[PDB]
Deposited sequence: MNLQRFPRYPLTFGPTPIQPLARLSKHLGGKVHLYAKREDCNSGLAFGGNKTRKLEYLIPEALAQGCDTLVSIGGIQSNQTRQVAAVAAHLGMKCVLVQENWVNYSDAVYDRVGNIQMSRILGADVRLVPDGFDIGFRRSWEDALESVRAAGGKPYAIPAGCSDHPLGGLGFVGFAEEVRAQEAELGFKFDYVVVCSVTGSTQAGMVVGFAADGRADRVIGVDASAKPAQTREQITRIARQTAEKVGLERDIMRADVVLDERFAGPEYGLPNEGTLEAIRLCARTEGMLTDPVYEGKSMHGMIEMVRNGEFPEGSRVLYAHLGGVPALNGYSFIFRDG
């Protein structure tokens, strides 16, 4: 393949480090070696995270087309919109964000702390849909005399939204060369799908596509699974994967998404605590805590072969913790 064909706008510090989770690994029995690749520490732009890696391949186009405003969308505590806001400010672009009530949660400061607080501080025009906003948002930009660059949910369903994480696999191989071994599995939280899609494509290149273990956080597996597949095939062709993405190449575990998107279950909370207390690494109740829950449970259930080396991709999301303060009042 050839990802280098597409320009990359630097928004990150550089390759993201991989760190062993030896304490958590031991705590779990020492049979499986757990690691984490820190995407959540990839940037100086309002904490960055996985979406910022994706944005690197979209920005060149936005600039090429002469756009002056980045428009995007997501829930109240969306990480995507905050990163779009930081990237826009950094680039000297305006930013319009459509924030919808994507979650059945009604915390007193849900819309005033965490991610959305930063978006407003970063100067984005943050629009709360009542209670098409998207098209109104795009048009309002034109009417203003601007030129909007449309960034869909999570940057996923976009021609360029999968390039980012092909590069991720590209990084992992380079790091595997220094480590002298290959990771047996990758655990990643999936919702809008282009993170896992990029990974699927990137690891298909060396036959590990089916080793990318996605953990659904959407609580709507079928739609998510379908979107990962579609985006992966599309990206595969965009980069030249000398192989095809089969349906069996997309692995999406649906056991840890409950009860709904944006709501943690008790295992989510346990995992967040276990991981935080054994490694000093925080995860959130919406996304990462669920993929962490999955990984630990998998290890716990012996689903990972003794001796395996599992690479947990930490995608970011921690600032959303602020919207669930009551759950963690006593820790």
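Numbered from 1 along the deposited sequence, what ranges are absent from the coordinates?
That stretch is 132-138, the only one.
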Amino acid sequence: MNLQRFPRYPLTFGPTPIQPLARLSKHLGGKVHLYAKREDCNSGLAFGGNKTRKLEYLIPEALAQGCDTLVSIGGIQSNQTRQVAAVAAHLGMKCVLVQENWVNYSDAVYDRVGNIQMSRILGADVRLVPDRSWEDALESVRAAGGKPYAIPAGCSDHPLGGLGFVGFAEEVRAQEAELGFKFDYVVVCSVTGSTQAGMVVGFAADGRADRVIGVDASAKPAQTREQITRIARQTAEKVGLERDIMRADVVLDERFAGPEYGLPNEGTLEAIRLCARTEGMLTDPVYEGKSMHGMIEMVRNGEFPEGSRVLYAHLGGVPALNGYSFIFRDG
From here on, numbers count along this sequence of modelled residues.
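Rigid core here is just the name for the largest C-alpha set that superposes within 1.5 Å across the two forms.
With the rigid core held as the alignment frame, decide whether 192-200 or 241-249 lies farther from the shown form in 5 other deposited structures of this protein, in terms of RMS C-alpha distance.
Between 192-200 and 241-249, the one lying farther away in 5 other deposited structures of this protein is 241-249.
As a check of understanding, is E100 unmodelled in at least a third of the other compared entries that model its flanking residues?
Per the records, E100 is modelled in all the other entries.
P130 unmodelled in at least a third of other compared entries:
Yes.
Quick check on the record: does 47-55 or 293-301 carry the larger mean Cα temperature factor?
Higher mean C-alpha B-factor in the PDB entry: 293-301.
166-174 set against 116-124, stretch whose average Cα temperature factor tops the other in the entry:
The stretch with the larger average C-alpha B-factor is 166-174.
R82, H90, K94, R247, ranked by C-alpha B-factor: the highest one
Of the candidates given, the C-alpha B-factor peaks at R247.
At the C-alpha atoms, which of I151, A86, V215, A236 reaches the highest B-factor in this entry?
Comparing C-alpha B-factors across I151, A86, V215, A236, the top value belongs to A236.
Should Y185 be placed in the lowest, middle or highest third of its chain by the C-alpha B factor in the entry?
Highest third of the chain for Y185's C-alpha B-factor.
Considering every modelled residue of the chain and its Cα B-factor in the PDB entry, is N265 in the lowest, middle or highest third?
It falls in the middle third of the chain.
CA B-factor ranking of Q65, expressed as a third of its chain
Top third by C-alpha B-factor.
Considering only modelled residues of the same chain, in which third does the CA B-factor of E288 rank: lowest, middle or highest?
Its C-alpha B-factor, which the entry lists for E288, ranks in the lowest third among residues of this chain.
Just say lowest, middle or highest third for the CA B-factor of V32 relative to the other modelled residues in its chain.
Within its chain, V32 is a highest-third residue by C-alpha B-factor, going by the deposited values.
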